[PDB]
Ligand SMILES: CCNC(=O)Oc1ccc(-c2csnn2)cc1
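The chain below stands alone and is given in structure tokens; this is the form deposited without the ligand.
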């Protein structure tokens, strides 16, 4: 799977909010482009002159994520974050020249991402009370990954002593995205666990934080809530469910070729962090069938 790389796999079956620190600093921002940020401004002007209803929005930028030594007490992860925007994304990661910016960043800064916006996405492995994961079909008319399968998620918009509020907004944003798109009540959702961070190599390396969320509704009840919103209540064109039993071998199915890179990231991390048992009971051959 060349279109996704794992930046972080979390320990302990995934990390809760209270175990993560963020450092939000202008040191973690994108570097100005070699010939100046005028190239980003030109792409934005051209776009607005065709689609004048478009608007910019701020985004978090991922610089790096450092895990503590395994088994340690105290905070387990440090997220180094900057600020970027939808405009900077369209002028860098989504530019035809994005590969040239990656090479120039390696040359100038020893960092393939130094000249990239790299907005931080969020996604969820969302499990039902009857042990299915939730999948969404993307519209065939959108710009990125048209017609592909996705999981719930989005790209959160800003607003350890500014740090803890930023970690809170990240965890909050994955639940909000599930309520807005799947039409589920907030009180049916568990607090999220962070499983890891995955990179989309088809979008010049931009990263998504991938979370595990449990719902107290069955697959049938989740479907009812999604459909009862009507076509204008969701951006996706359909919902469907796969047994957690069958997610284990999803990369061997015909579904795998239809999954967008960030959803492949969510399923790989779910399989490594929530699946793949370590103990004698769940590891026994009748509960973990070989092959």
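Residue numbers count along the first chain shown, from 1.
Separately, the form deposited with the ligand bound exists; it is not shown, and the next lines address it.
- At a distance threshold of 4.5 angstroms between non-hydrogen atoms, residue 165 is out of contact with the ligand in the deposited bound form.
- In the deposited bound form, at least one heavy atom of residue 139 sits within 4.5 Å of a heavy atom of the ligand.
- Within 4.5 Å of any heavy atom of the ligand in the deposited bound form lies no heavy atom of residue 192.
- Within 4.5 Å of any heavy atom of the ligand in the deposited bound form lies no heavy atom of residue 64.
- Heavy atoms within 4.5 Å of the ligand in the deposited bound form are found in exactly one of 104 to 112, 149 to 157, 184 to 192, 212 to 220, that being 149 to 157.
- For the partner-free chain shown, 235, 236 of 231 to 257 come within 4.5 angstroms of the ligand in the deposited bound form, judged by any non-hydrogen atom.
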